[PDB]
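*Asks:* For reference, the structure I am asking about is given below.
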Amino acid sequence: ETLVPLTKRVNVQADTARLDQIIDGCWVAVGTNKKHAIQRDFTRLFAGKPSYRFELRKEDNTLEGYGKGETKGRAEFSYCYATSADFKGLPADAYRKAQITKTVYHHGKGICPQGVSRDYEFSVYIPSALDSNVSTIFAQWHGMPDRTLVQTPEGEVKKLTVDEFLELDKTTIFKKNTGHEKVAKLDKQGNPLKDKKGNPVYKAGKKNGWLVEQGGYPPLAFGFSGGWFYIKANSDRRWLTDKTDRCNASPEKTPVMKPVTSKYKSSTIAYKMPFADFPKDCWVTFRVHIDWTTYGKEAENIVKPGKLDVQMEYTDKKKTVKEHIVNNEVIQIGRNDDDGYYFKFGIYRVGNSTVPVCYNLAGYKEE
Amino acid sequence: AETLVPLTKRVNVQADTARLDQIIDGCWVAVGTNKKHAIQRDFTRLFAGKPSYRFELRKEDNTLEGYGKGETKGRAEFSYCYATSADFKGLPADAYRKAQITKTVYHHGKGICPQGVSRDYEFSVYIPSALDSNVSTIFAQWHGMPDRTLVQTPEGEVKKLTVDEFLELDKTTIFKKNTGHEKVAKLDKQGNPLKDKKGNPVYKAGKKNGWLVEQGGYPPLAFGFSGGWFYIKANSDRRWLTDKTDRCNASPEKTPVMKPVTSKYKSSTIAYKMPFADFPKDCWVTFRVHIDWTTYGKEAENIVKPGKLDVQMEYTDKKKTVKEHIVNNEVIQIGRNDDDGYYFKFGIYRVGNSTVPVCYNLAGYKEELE
Ligand SMILES: [Ca+2]
Ligand SMILES: [Ca+2]
């Protein structure tokens, strides 16, 4: 068993991870559960231990993108998840409410709070086989939207109690951030569907004007796009993220350290290099220090800017290379939410791409 | 040769920066009635080689309204939490103004212990033999920090608004404490509009309009005297919007120690008590307090983790130093379900609709941010 499929998947926002779903005592897996998607790899060791091999084939996009008719793919590890143990000592009804609000992971480990600096390390192994036109994020620092923060059809942004949000959810169903009239699904004969428990299968009817906070660009992403390796930092100071504000820097086009800005957002390419110059068939180790932008919540102001530092190290052609590729740069990075940020690595295939992706990741540490 | 030096400068900590000339010993501002006798630097009652602070509320010195109908209360206190001009240096131009309207100025200042963060405190009190046994006063308290854009509509919806949305509301609603009223302009006795120093209308509360905003509530921790008892009292409120009508408050007199009086959302615990007559008089009593705050789930309104209270008491009587572990590391509910945390005050807060005179000294404050 040179490669061992790891097919267990956790909906980290809406479910606790079972102990049997946890990988190496510190990870859970998200995205498509194909056997090939994620495998423990004993043929590509790092620091004397198995690495994780991630693979998305052409047909492996399972998710919908923002664009019309666009798709995306995901096979990732999350360092943030909650377990049964995390709910001990909370009210009995806490887990159920957490499922509905999608706040389960709020109760788990691996969250860097708002405003708290943290250092991170991880290593990546890019096969020579990897296509230069891949469109994939291989490591990202993800935010945690405020789950009872809503916008009414009339345009008022407000945060509700959990109980009030549960009331709203009786007649509104949210698809991502977008509210729709809640209805029950019919079969192809026009007869109501019942689920495994005998309940109606709820479905999104017409859009009803409601919004809830959901999604948004990741504060920090390492990836490849358009024949470029890139590191991109995003900031969003708006209390309720506006998903229609598509402030996103292009690795291809946007010059290094020249932020693309809207009223509320900023998107900075902190570093880039041609794909051809990225070392292949060797472990590349990144050491990342992050000082998050701080925000004023309902005031929507940036209190203090952030900072990013990145060192890159690898051994290639009988030479060890160490490059200070992000040299302690003042940068806007984070999201205006209550909760902070969590680390993921693997494959997140974006930009409406089905170009195959396969590489390995290992050696993660945060402190 | 100084004896007593009046400190009459007062700061509206929630709605104003403290001027440099209002700051006492580089670390305090004063709140409450500004009578000369209310607060004085006292060179006749030294503590650790330094002047203490003498606080005094006479019978006529209640200047505040209590919750109860026709009830009054009094205040002369120091706050360790306040904002200064320096705190707003380099901020957006309109930041201070919005902070004044929302009553969030002190959010930008020093002396805040964040939600969930443990902290140690120390202070000393000197109770004269003259102090009447039926005083009703809090001499040290740990105060919370309400969410200032958290409102309730006339229809009963609890919601937190953006600052901009709250500013819009504030155009036509004026809040008196937590209670919203139609905003109107005040007239003189002839029925002619008053103009302020800059020629603007003087705003006034008209009829109640159904709106509420978060304000007030019991202090998370209070040291005081009531009904002939010295007491330490811990309060917890897990409701997202504090309900002021929920009068969950323990009395030292009859409530047994460490047995909370509870509502659905609140708890009030007498952590310790002793008869007034047994409290040492005419000497400095030093308290060392360690606090672990209860943590709360914000809009979920649950208690995440309980808190803890430890209190040591030390003084010298006629013959020996006495040290008593009066609150021995007690698991306890203590805090408030708000975004912001807690700040220290000491002095006189005369509660329970009392006008019994109060005079004592306080000194020797330290918080070790640990
Ligand atoms: Ca947000
Ligand atoms: Ca509150």
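To be explicit about the labels: the chains of the structure tokens are called A, B, and onward in the order shown, and within each one the residues are counted from 1, while ligands get numbers from 1 in the order they are shown.
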Which protein, DNA or RNA residues have an atom within 7 Å of ligand 2, counting only C-alpha atoms and all ligand atoms, as a count of residues only?
*Replies:* 10
*Asks:* Which residues, written as a PDB file with N, CA, C and O atoms, in the first residue's frame, have at least one atom at most 7 Å from range 291-308 of chain B, with only C-alpha atoms counted and residues fewer than 4 positions away on the same chain left out?
*Replies:*
```pdb
ATOM      1  N   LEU A  90     -21.609  22.640  26.894  1.00  0.00           N
ATOM      2  CA  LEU A  90     -22.547  23.579  26.293  1.00  0.00           C
ATOM      3  C   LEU A  90     -23.968  23.057  26.484  1.00  0.00           C
ATOM      4  O   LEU A  90     -24.171  21.875  26.764  1.00  0.00           O
ATOM      5  N   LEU A 160     -28.869  39.264  13.748  1.00  0.00           N
ATOM      6  CA  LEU A 160     -29.961  38.750  14.561  1.00  0.00           C
ATOM      7  C   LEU A 160     -29.456  37.793  15.637  1.00  0.00           C
ATOM      8  O   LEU A 160     -28.362  37.259  15.529  1.00  0.00           O
ATOM      9  N   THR A 161     -30.273  37.580  16.672  1.00  0.00           N
ATOM     10  CA  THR A 161     -30.046  36.479  17.596  1.00  0.00           C
ATOM     11  C   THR A 161     -30.174  35.182  16.803  1.00  0.00           C
ATOM     12  O   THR A 161     -30.805  35.153  15.747  1.00  0.00           O
ATOM     13  N   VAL A 162     -29.598  34.113  17.354  1.00  0.00           N
ATOM     14  CA  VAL A 162     -29.708  32.805  16.742  1.00  0.00           C
ATOM     15  C   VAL A 162     -31.185  32.428  16.648  1.00  0.00           C
ATOM     16  O   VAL A 162     -31.609  31.932  15.605  1.00  0.00           O
TER      17      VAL A 162
ATOM     18  N   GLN B 115     -13.212  40.443  26.895  1.00  0.00           N
ATOM     19  CA  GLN B 115     -14.001  39.241  27.127  1.00  0.00           C
ATOM     20  C   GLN B 115     -13.070  38.030  27.245  1.00  0.00           C
ATOM     21  O   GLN B 115     -12.161  37.863  26.437  1.00  0.00           O
ATOM     22  N   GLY B 116     -13.277  37.216  28.287  1.00  0.00           N
ATOM     23  CA  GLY B 116     -12.633  35.914  28.397  1.00  0.00           C
ATOM     24  C   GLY B 116     -11.206  35.973  28.949  1.00  0.00           C
ATOM     25  O   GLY B 116     -10.646  34.940  29.271  1.00  0.00           O
ATOM     26  N   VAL B 117     -10.614  37.162  29.067  1.00  0.00           N
ATOM     27  CA  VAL B 117      -9.223  37.299  29.477  1.00  0.00           C
ATOM     28  C   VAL B 117      -9.148  37.455  30.999  1.00  0.00           C
ATOM     29  O   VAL B 117      -9.663  38.422  31.559  1.00  0.00           O
ATOM     30  N   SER B 118      -8.463  36.518  31.659  1.00  0.00           N
ATOM     31  CA  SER B 118      -8.249  36.579  33.093  1.00  0.00           C
ATOM     32  C   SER B 118      -7.408  37.799  33.441  1.00  0.00           C
ATOM     33  O   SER B 118      -6.563  38.218  32.651  1.00  0.00           O
ATOM     34  N   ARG B 119      -7.646  38.347  34.636  1.00  0.00           N
ATOM     35  CA  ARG B 119      -6.866  39.468  35.129  1.00  0.00           C
ATOM     36  C   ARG B 119      -6.850  39.468  36.653  1.00  0.00           C
ATOM     37  O   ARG B 119      -7.810  39.049  37.296  1.00  0.00           O
ATOM     38  N   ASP B 120      -5.720  39.928  37.205  1.00  0.00           N
ATOM     39  CA  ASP B 120      -5.539  40.091  38.635  1.00  0.00           C
ATOM     40  C   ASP B 120      -5.602  41.573  38.982  1.00  0.00           C
ATOM     41  O   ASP B 120      -5.138  42.411  38.211  1.00  0.00           O
ATOM     42  N   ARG B 238     -26.257  36.503  30.299  1.00  0.00           N
ATOM     43  CA  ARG B 238     -25.923  35.830  29.050  1.00  0.00           C
ATOM     44  C   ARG B 238     -26.829  36.291  27.907  1.00  0.00           C
ATOM     45  O   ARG B 238     -26.635  35.862  26.775  1.00  0.00           O
ATOM     46  N   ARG B 239     -27.828  37.130  28.199  1.00  0.00           N
ATOM     47  CA  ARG B 239     -28.742  37.603  27.171  1.00  0.00           C
ATOM     48  C   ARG B 239     -27.958  38.543  26.259  1.00  0.00           C
ATOM     49  O   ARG B 239     -27.089  39.257  26.730  1.00  0.00           O
ATOM     50  N   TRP B 240     -28.217  38.482  24.949  1.00  0.00           N
ATOM     51  CA  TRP B 240     -27.465  39.287  24.008  1.00  0.00           C
ATOM     52  C   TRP B 240     -27.761  40.756  24.270  1.00  0.00           C
ATOM     53  O   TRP B 240     -26.839  41.538  24.495  1.00  0.00           O
ATOM     54  N   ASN B 329     -11.029  30.488  45.420  1.00  0.00           N
ATOM     55  CA  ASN B 329     -10.995  29.905  44.080  1.00  0.00           C
ATOM     56  C   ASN B 329     -12.348  29.289  43.716  1.00  0.00           C
ATOM     57  O   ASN B 329     -12.436  28.089  43.478  1.00  0.00           O
ATOM     58  N   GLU B 330     -13.399  30.109  43.643  1.00  0.00           N
ATOM     59  CA  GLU B 330     -14.752  29.599  43.496  1.00  0.00           C
ATOM     60  C   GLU B 330     -15.165  29.664  42.032  1.00  0.00           C
ATOM     61  O   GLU B 330     -15.085  30.735  41.431  1.00  0.00           O
ATOM     62  N   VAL B 331     -15.620  28.530  41.484  1.00  0.00           N
ATOM     63  CA  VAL B 331     -16.276  28.538  40.187  1.00  0.00           C
ATOM     64  C   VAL B 331     -17.555  29.363  40.327  1.00  0.00           C
ATOM     65  O   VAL B 331     -18.316  29.169  41.265  1.00  0.00           O
ATOM     66  N   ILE B 332     -17.760  30.311  39.400  1.00  0.00           N
ATOM     67  CA  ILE B 332     -18.792  31.317  39.557  1.00  0.00           C
ATOM     68  C   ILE B 332     -19.133  31.912  38.196  1.00  0.00           C
ATOM     69  O   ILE B 332     -18.278  31.986  37.323  1.00  0.00           O
ATOM     70  N   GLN B 333     -20.397  32.335  38.032  1.00  0.00           N
ATOM     71  CA  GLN B 333     -20.795  33.044  36.833  1.00  0.00           C
ATOM     72  C   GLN B 333     -20.558  34.533  37.048  1.00  0.00           C
ATOM     73  O   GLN B 333     -21.073  35.121  37.993  1.00  0.00           O
ATOM     74  N   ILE B 334     -19.776  35.143  36.152  1.00  0.00           N
ATOM     75  CA  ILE B 334     -19.345  36.520  36.343  1.00  0.00           C
ATOM     76  C   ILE B 334     -18.999  37.127  34.981  1.00  0.00           C
ATOM     77  O   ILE B 334     -18.064  36.688  34.319  1.00  0.00           O
ATOM     78  N   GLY B 335     -19.767  38.140  34.572  1.00  0.00           N
ATOM     79  CA  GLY B 335     -19.507  38.831  33.324  1.00  0.00           C
ATOM     80  C   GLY B 335     -20.796  39.242  32.619  1.00  0.00           C
ATOM     81  O   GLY B 335     -21.875  39.207  33.211  1.00  0.00           O
ATOM     82  N   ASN B 337     -22.633  39.234  28.389  1.00  0.00           N
ATOM     83  CA  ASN B 337     -22.595  38.826  26.995  1.00  0.00           C
ATOM     84  C   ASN B 337     -22.540  40.064  26.100  1.00  0.00           C
ATOM     85  O   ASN B 337     -23.557  40.477  25.561  1.00  0.00           O
ATOM     86  N   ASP B 338     -21.344  40.643  25.945  1.00  0.00           N
ATOM     87  CA  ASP B 338     -21.113  41.789  25.077  1.00  0.00           C
ATOM     88  C   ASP B 338     -19.852  41.537  24.253  1.00  0.00           C
ATOM     89  O   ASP B 338     -19.113  40.595  24.537  1.00  0.00           O
TER      90      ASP B 338
END
```
*Asks:* Neighbours of ligand 1 within 8 Å, counting only C-alpha atoms and all ligand atoms, as a list in words?
*Replies:*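 Using only C-alpha atoms and all ligand atoms, I find these residues within 8 Å of ligand 1: residues 145, 146, 149, 213, 236, 237, 238, 239, 240, 241, 297, 335, 336, 337 and 338 of chain A.
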*Asks:* What does the file look like for those residues with N, CA and C atoms, as a PDB file, in the first residue's frame?
*Replies:*
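The resulting file, result_5.pdb, is shown below:
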```pdb
ATOM      1  N   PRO A 145     -17.352  33.696   8.132  1.00  0.00           N
ATOM      2  CA  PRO A 145     -18.466  34.651   8.065  1.00  0.00           C
ATOM      3  C   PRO A 145     -19.372  34.668   9.293  1.00  0.00           C
ATOM      4  N   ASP A 146     -19.985  35.830   9.563  1.00  0.00           N
ATOM      5  CA  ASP A 146     -20.942  35.960  10.648  1.00  0.00           C
ATOM      6  C   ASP A 146     -22.278  35.391  10.177  1.00  0.00           C
ATOM      7  N   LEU A 149     -25.732  37.423  10.413  1.00  0.00           N
ATOM      8  CA  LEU A 149     -25.682  38.742   9.806  1.00  0.00           C
ATOM      9  C   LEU A 149     -26.393  38.679   8.463  1.00  0.00           C
ATOM     10  N   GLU A 213     -24.475  36.446   5.327  1.00  0.00           N
ATOM     11  CA  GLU A 213     -23.048  36.487   5.071  1.00  0.00           C
ATOM     12  C   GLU A 213     -22.564  35.066   4.781  1.00  0.00           C
ATOM     13  N   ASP A 236     -11.310  42.703   3.407  1.00  0.00           N
ATOM     14  CA  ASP A 236     -12.708  43.094   3.245  1.00  0.00           C
ATOM     15  C   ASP A 236     -13.183  43.714   4.557  1.00  0.00           C
ATOM     16  N   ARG A 237     -13.333  45.045   4.580  1.00  0.00           N
ATOM     17  CA  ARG A 237     -13.654  45.754   5.814  1.00  0.00           C
ATOM     18  C   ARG A 237     -15.162  45.959   5.981  1.00  0.00           C
ATOM     19  N   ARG A 238     -15.942  45.570   4.966  1.00  0.00           N
ATOM     20  CA  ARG A 238     -17.385  45.737   5.030  1.00  0.00           C
ATOM     21  C   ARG A 238     -17.908  44.752   6.066  1.00  0.00           C
ATOM     22  N   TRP A 239     -18.904  45.171   6.846  1.00  0.00           N
ATOM     23  CA  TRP A 239     -19.413  44.325   7.913  1.00  0.00           C
ATOM     24  C   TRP A 239     -20.061  43.092   7.298  1.00  0.00           C
ATOM     25  N   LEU A 240     -21.003  43.335   6.378  1.00  0.00           N
ATOM     26  CA  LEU A 240     -21.544  42.288   5.535  1.00  0.00           C
ATOM     27  C   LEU A 240     -20.785  42.283   4.211  1.00  0.00           C
ATOM     28  N   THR A 241     -20.061  41.192   3.935  1.00  0.00           N
ATOM     29  CA  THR A 241     -19.367  41.025   2.667  1.00  0.00           C
ATOM     30  C   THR A 241     -20.363  41.158   1.516  1.00  0.00           C
ATOM     31  N   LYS A 297     -15.554  46.144  13.028  1.00  0.00           N
ATOM     32  CA  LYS A 297     -16.848  45.475  13.056  1.00  0.00           C
ATOM     33  C   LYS A 297     -17.923  46.388  12.475  1.00  0.00           C
ATOM     34  N   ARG A 335     -10.578  39.680   7.108  1.00  0.00           N
ATOM     35  CA  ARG A 335     -11.992  39.950   6.917  1.00  0.00           C
ATOM     36  C   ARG A 335     -12.597  40.564   8.182  1.00  0.00           C
ATOM     37  N   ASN A 336     -13.551  41.477   7.981  1.00  0.00           N
ATOM     38  CA  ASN A 336     -14.261  42.103   9.084  1.00  0.00           C
ATOM     39  C   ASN A 336     -15.370  41.156   9.552  1.00  0.00           C
ATOM     40  N   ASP A 337     -15.005  40.167  10.376  1.00  0.00           N
ATOM     41  CA  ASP A 337     -15.941  39.241  10.989  1.00  0.00           C
ATOM     42  C   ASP A 337     -15.627  39.141  12.480  1.00  0.00           C
ATOM     43  N   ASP A 338     -16.516  38.482  13.235  1.00  0.00           N
ATOM     44  CA  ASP A 338     -16.282  38.234  14.647  1.00  0.00           C
ATOM     45  C   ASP A 338     -15.145  37.237  14.820  1.00  0.00           C
TER      46      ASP A 338
END
```
*Asks:* If you run DSSP on the backbone here, which positions in range 134-367 of chain B get alpha helix (DSSP H)? Please write them as a CSV table (one decimal) with N, CA and C atoms, in the first residue's frame.
*Replies:*
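Saved the output as result.csv:
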```csv
chain,number,residue,atom,x,y,z
B,163,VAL,N,-22.9,51.1,12.3
B,163,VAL,CA,-22.8,52.4,12.9
B,163,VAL,C,-23.6,53.4,12.1
B,164,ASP,N,-23.5,53.3,10.8
B,164,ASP,CA,-24.2,54.3,9.9
B,164,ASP,C,-25.7,54.2,10.1
B,165,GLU,N,-26.2,52.9,10.2
B,165,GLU,CA,-27.6,52.7,10.4
B,165,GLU,C,-28.1,53.3,11.7
B,166,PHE,N,-27.3,53.1,12.7
B,166,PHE,CA,-27.6,53.6,14.1
B,166,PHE,C,-27.6,55.1,14.1
B,167,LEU,N,-26.7,55.7,13.4
B,167,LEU,CA,-26.6,57.2,13.2
B,167,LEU,C,-27.9,57.7,12.6
B,168,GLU,N,-28.4,56.9,11.6
B,168,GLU,CA,-29.7,57.3,10.9
B,168,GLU,C,-30.8,57.3,11.9
B,169,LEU,N,-30.9,56.2,12.7
B,169,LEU,CA,-31.9,56.1,13.8
B,169,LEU,C,-31.8,57.2,14.7
```
*Asks:* Could you check how far CA of residue 126 in chain A sits from CA of residue 280 in chain A, in Å to one decimal?
*Replies:*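 Result for CA of residue 126 in chain A versus CA of residue 280 in chain A: 5.1 Å, one decimal.
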*Asks:* Rounded to one decimal place, report the CA of residue 311 in chain B-CA of residue 346 in chain B distance in Å.
*Replies:* 16.4 Å
*Asks:* Write out as a PyMOL selection string each polymer residue whose atoms come within 7 Å of residue 87 in chain B, counting only C-alpha atoms; drop sequence neighbours fewer than 3 positions from it.
*Replies:* chain B and resi 83-84+108-109
*Asks:* Mind writing the picked residues with N, CA and C atoms as a PDB file, in the first residue's frame?
*Replies:*
```
ATOM      1  N   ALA B  83     -10.837  57.294  27.380  1.00  0.00           N
ATOM      2  CA  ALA B  83     -10.054  57.594  26.193  1.00  0.00           C
ATOM      3  C   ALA B  83      -9.567  59.032  26.265  1.00  0.00           C
ATOM      4  N   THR B  84      -8.453  59.308  25.573  1.00  0.00           N
ATOM      5  CA  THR B  84      -7.869  60.638  25.524  1.00  0.00           C
ATOM      6  C   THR B  84      -7.801  61.084  24.073  1.00  0.00           C
ATOM      7  N   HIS B 108     -11.980  53.120  22.838  1.00  0.00           N
ATOM      8  CA  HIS B 108     -10.673  53.419  22.267  1.00  0.00           C
ATOM      9  C   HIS B 108      -9.601  53.683  23.329  1.00  0.00           C
ATOM     10  N   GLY B 109      -9.933  53.537  24.619  1.00  0.00           N
ATOM     11  CA  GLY B 109      -9.023  53.919  25.690  1.00  0.00           C
ATOM     12  C   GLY B 109      -8.346  52.715  26.353  1.00  0.00           C
TER      13      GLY B 109
END
```
*Asks:* Each residue of chain A with at least one atom at most 10 Å from chain B should appear once, together with its nearest atom pair and the corresponding distance in Å (one decimal); atoms considered: only C-alpha atoms; ordering: chain, then increasing residue number; output as a Markdown table.
*Replies:*
```
| residue | atom | partner | partner_atom | distance |
| --- | --- | --- | --- | --- |
| A:87 | CA | B:304 | CA | 9.2 |
| A:88 | CA | B:304 | CA | 9.7 |
| A:89 | CA | B:304 | CA | 7.5 |
| A:90 | CA | B:304 | CA | 6.0 |
| A:91 | CA | B:302 | CA | 7.2 |
| A:94 | CA | B:302 | CA | 8.2 |
| A:97 | CA | B:300 | CA | 8.5 |
| A:98 | CA | B:300 | CA | 9.0 |
| A:101 | CA | B:300 | CA | 9.9 |
| A:107 | CA | B:304 | CA | 9.4 |
| A:147 | CA | B:299 | CA | 9.8 |
| A:148 | CA | B:299 | CA | 7.9 |
| A:149 | CA | B:160 | CA | 8.9 |
| A:156 | CA | B:165 | CA | 8.0 |
| A:157 | CA | B:161 | CA | 6.6 |
| A:158 | CA | B:161 | CA | 5.1 |
| A:159 | CA | B:160 | CA | 5.0 |
| A:160 | CA | B:159 | CA | 5.1 |
| A:161 | CA | B:299 | CA | 4.5 |
| A:162 | CA | B:300 | CA | 5.1 |
| A:163 | CA | B:300 | CA | 7.6 |
| A:164 | CA | B:157 | CA | 8.0 |
| A:165 | CA | B:299 | CA | 9.7 |
| A:238 | CA | B:162 | CA | 9.9 |
| A:239 | CA | B:162 | CA | 7.6 |
| A:240 | CA | B:162 | CA | 9.4 |
| A:296 | CA | B:163 | CA | 10.0 |
| A:297 | CA | B:162 | CA | 8.3 |
| A:298 | CA | B:162 | CA | 4.5 |
| A:299 | CA | B:163 | CA | 5.1 |
| A:300 | CA | B:162 | CA | 7.9 |
| A:301 | CA | B:92 | CA | 9.0 |
| A:302 | CA | B:91 | CA | 9.9 |
| A:303 | CA | B:91 | CA | 8.4 |
| A:338 | CA | B:339 | CA | 9.0 |
```
*Asks:* Restricting it to C-alpha atoms, dump the selection as a PDB file, in the first residue's frame.
*Replies:*
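Output below, filename result-v3.pdb:
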```
ATOM      1  CA  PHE A  87     -19.758  20.520  22.704  1.00  0.00           C
ATOM      2  CA  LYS A  88     -19.404  19.023  26.187  1.00  0.00           C
ATOM      3  CA  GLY A  89     -20.475  21.566  28.798  1.00  0.00           C
ATOM      4  CA  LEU A  90     -22.547  23.579  26.293  1.00  0.00           C
ATOM      5  CA  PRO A  91     -26.391  23.472  26.376  1.00  0.00           C
ATOM      6  CA  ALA A  94     -26.224  23.927  21.142  1.00  0.00           C
ATOM      7  CA  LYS A  97     -28.563  25.225  16.475  1.00  0.00           C
ATOM      8  CA  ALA A  98     -24.905  25.189  15.389  1.00  0.00           C
ATOM      9  CA  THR A 101     -26.513  28.310  11.542  1.00  0.00           C
ATOM     10  CA  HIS A 107     -16.417  25.555  18.625  1.00  0.00           C
ATOM     11  CA  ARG A 147     -23.813  33.497  10.267  1.00  0.00           C
ATOM     12  CA  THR A 148     -26.730  35.566  11.648  1.00  0.00           C
ATOM     13  CA  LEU A 149     -25.682  38.742   9.806  1.00  0.00           C
ATOM     14  CA  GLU A 156     -31.046  46.949   5.987  1.00  0.00           C
ATOM     15  CA  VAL A 157     -27.923  45.152   7.252  1.00  0.00           C
ATOM     16  CA  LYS A 158     -28.537  43.663  10.702  1.00  0.00           C
ATOM     17  CA  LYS A 159     -27.253  40.891  12.940  1.00  0.00           C
ATOM     18  CA  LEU A 160     -29.961  38.750  14.561  1.00  0.00           C
ATOM     19  CA  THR A 161     -30.046  36.479  17.596  1.00  0.00           C
ATOM     20  CA  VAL A 162     -29.708  32.805  16.742  1.00  0.00           C
ATOM     21  CA  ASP A 163     -33.373  32.339  17.701  1.00  0.00           C
ATOM     22  CA  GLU A 164     -34.465  35.132  15.353  1.00  0.00           C
ATOM     23  CA  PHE A 165     -32.372  33.683  12.521  1.00  0.00           C
ATOM     24  CA  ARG A 238     -17.385  45.737   5.030  1.00  0.00           C
ATOM     25  CA  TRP A 239     -19.413  44.325   7.913  1.00  0.00           C
ATOM     26  CA  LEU A 240     -21.544  42.288   5.535  1.00  0.00           C
ATOM     27  CA  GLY A 296     -13.939  47.911  13.564  1.00  0.00           C
ATOM     28  CA  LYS A 297     -16.848  45.475  13.056  1.00  0.00           C
ATOM     29  CA  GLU A 298     -20.117  47.438  12.768  1.00  0.00           C
ATOM     30  CA  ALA A 299     -18.025  50.609  12.265  1.00  0.00           C
ATOM     31  CA  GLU A 300     -16.489  49.024   9.136  1.00  0.00           C
ATOM     32  CA  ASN A 301     -13.157  50.873   9.471  1.00  0.00           C
ATOM     33  CA  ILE A 302      -9.665  49.450   9.207  1.00  0.00           C
ATOM     34  CA  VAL A 303      -8.112  49.954  12.648  1.00  0.00           C
ATOM     35  CA  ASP A 338     -16.282  38.234  14.647  1.00  0.00           C
TER      36      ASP A 338
END
```
*Asks:* Show me, as number ranges by chain, the residues that have an atom within 10 Å of range 129-140 of chain B when counting only C-alpha atoms, minus same-chain residues fewer than 4 positions from it.
*Replies:* B: 55, 73-78, 123-125, 221-232, 275-277, 280-283, 344-362
*Asks:* Excluding range 44-47 of chain A and its own-chain neighbours fewer than 6 positions away, which residues fall within 10 Å of it when counting only C-alpha atoms? Please give them as a list in words.
*Replies:*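 Neighbouring residues, sequence-local ones excluded: residues 2, 3, 53, 123, 124, 125, 282, 283, 360, 361, 362 and 363 of chain A.
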*Asks:* Dump C-alpha atoms for the selected residues as a PDB file, in the first residue's frame?
*Replies:*
```
ATOM      1  CA  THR A   2       2.178   2.789  -1.412  1.00  0.00           C
ATOM      2  CA  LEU A   3      -0.861   5.114  -1.715  1.00  0.00           C
ATOM      3  CA  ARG A  53      -1.173  13.337  -2.502  1.00  0.00           C
ATOM      4  CA  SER A 123       5.861  22.157   2.220  1.00  0.00           C
ATOM      5  CA  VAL A 124       4.695  21.387  -1.327  1.00  0.00           C
ATOM      6  CA  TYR A 125       5.977  18.962  -3.984  1.00  0.00           C
ATOM      7  CA  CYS A 282      11.393  18.630  -4.906  1.00  0.00           C
ATOM      8  CA  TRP A 283       9.952  19.815  -1.598  1.00  0.00           C
ATOM      9  CA  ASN A 360       1.727  16.569  -2.597  1.00  0.00           C
ATOM     10  CA  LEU A 361       1.658  18.557   0.635  1.00  0.00           C
ATOM     11  CA  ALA A 362       3.308  17.924   4.000  1.00  0.00           C
ATOM     12  CA  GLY A 363       5.102  19.339   7.023  1.00  0.00           C
TER      13      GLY A 363
END
```
*Asks:* Excluding residue 325 in chain B and any residue of its chain fewer than 4 positions from it, enumerate the residues within 12 Å of it, using only C-alpha atoms, and give them as an MDAnalysis selection string.
*Replies:* chainID B and resid 271:272 286:290 309:314 329:330
*Asks:* Can I get the selected residues back with C-alpha atoms, as a short mmCIF file (atom, residue, chain, number, x, y, z; two decimals), in the first residue's frame?
*Replies:*
```
data_model
loop_
_atom_site.label_atom_id
_atom_site.label_comp_id
_atom_site.auth_asym_id
_atom_site.auth_seq_id
_atom_site.Cartn_x
_atom_site.Cartn_y
_atom_site.Cartn_z
CA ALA B 271 -19.38 35.14 46.90
CA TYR B 272 -18.68 36.24 50.46
CA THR B 286 -6.12 45.21 51.11
CA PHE B 287 -7.90 42.93 48.63
CA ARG B 288 -6.20 40.81 45.98
CA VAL B 289 -8.68 39.62 43.35
CA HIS B 290 -8.12 37.05 40.59
CA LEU B 309 -13.20 34.25 41.54
CA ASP B 310 -10.39 34.33 44.09
CA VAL B 311 -10.13 36.97 46.83
CA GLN B 312 -7.57 37.39 49.60
CA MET B 313 -8.09 39.94 52.39
CA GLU B 314 -5.29 41.40 54.52
CA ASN B 329 -10.99 29.90 44.08
CA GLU B 330 -14.75 29.60 43.50
#
```
*Asks:* What is the distance between CA of residue 323 in chain A and CA of residue 52 in chain A, in Å to one decimal?
*Replies:*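 These atoms are spaced 24.9 Å apart.
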*Asks:* Find the residues around residue 78 in chain A up to 7 Å (only C-alpha atoms counted), leave out those fewer than 6 positions away in its own chain, and share them as a ChimeraX atom specification.
*Replies:* /A:27-29,343-344
*Asks:* With C-alpha atoms kept, could you save the residues just selected as a CSV table (one decimal), in the first residue's frame?
*Replies:*
```
chain,number,residue,atom,x,y,z
A,27,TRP,CA,-6.9,17.2,9.9
A,28,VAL,CA,-10.3,16.6,8.4
A,29,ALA,CA,-10.9,16.3,4.6
A,343,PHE,CA,-5.7,27.0,7.4
A,344,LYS,CA,-6.4,24.6,4.5
```
*Asks:* Using backbone DSSP assignments, extract all strand (DSSP E or B) residues from range 156-343 of chain A; output them as a VMD selection string.
*Replies:* chain A and resid 157 to 160 172 to 175 178 to 184 186 192 194 200 202 to 212 220 to 225 228 to 236 260 to 261 265 to 274 283 to 291 294 to 295 302 to 304 306 to 315 320 to 331 334 to 335 341 to 343
*Asks:* Identify which of the residues B:52, B:251, B:245, B:14 lies closest to residue 266 in chain B, counting only C-alpha atoms when measuring atom-to-atom distances.
*Replies:* B:245
